[PDB]
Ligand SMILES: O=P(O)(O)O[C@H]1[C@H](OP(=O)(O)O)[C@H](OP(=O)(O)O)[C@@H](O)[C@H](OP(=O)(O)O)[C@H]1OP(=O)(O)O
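Only one chain is included here, represented as structure tokens and corresponding to the form deposited without this ligand.
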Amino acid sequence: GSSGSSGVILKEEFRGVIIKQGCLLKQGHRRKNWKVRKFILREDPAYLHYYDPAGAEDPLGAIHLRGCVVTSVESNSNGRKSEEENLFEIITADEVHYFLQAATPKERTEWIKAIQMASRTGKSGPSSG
């Protein structure tokens, strides 16, 4: 759901289009349970913004993809319950690591490719690599 007709000025970090949208579980350092968050990906520019599902207005933050990296995790996942299933690490330009969680086993992959597609950018930008 991304559409607007004569609303408000157009930011810069959002001077692009959406490729994929959904809720993801962003981990933390403290490692105290996960927290559902609406992770929105936008290519050109290549950035990942995540807002609050409860409501909120602005994005809690953003993840630079100017030269981020995508990778899969181990995620044992075996037995029952499955504390955490379908995860993946996404390294940024700062080397920052983030472990997200996809609902379906297809989303986990899609997301990756999703981020990759954006991160892939089309060259010509702020430094880039």
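Heads up: residue numbers just count along the shown sequence, starting at 1.
Keep in mind the form solved in complex with this ligand is missing from the figure; the text below concerns it.
Contact annotation for residue 42: none of its heavy atoms lies within 4.5 Å of this ligand in the entry with it bound. In the entry with it bound, residue 60 approaches this ligand with a heavy atom inside 4.5 Å. In the entry with it bound, none of the heavy atoms of residue 66 sits within 4.5 Å of a heavy atom of this ligand. Within this chain, residue 50 lines the site of this ligand in the entry with it bound, having a heavy atom no more than 4.5 Å away. Note on the interface: of 67 to 75, 85 to 93, 99 to 107, 31 to 39, the segment with non-hydrogen atoms within 4.5 angstroms of this ligand in the entry with it bound is 31 to 39.
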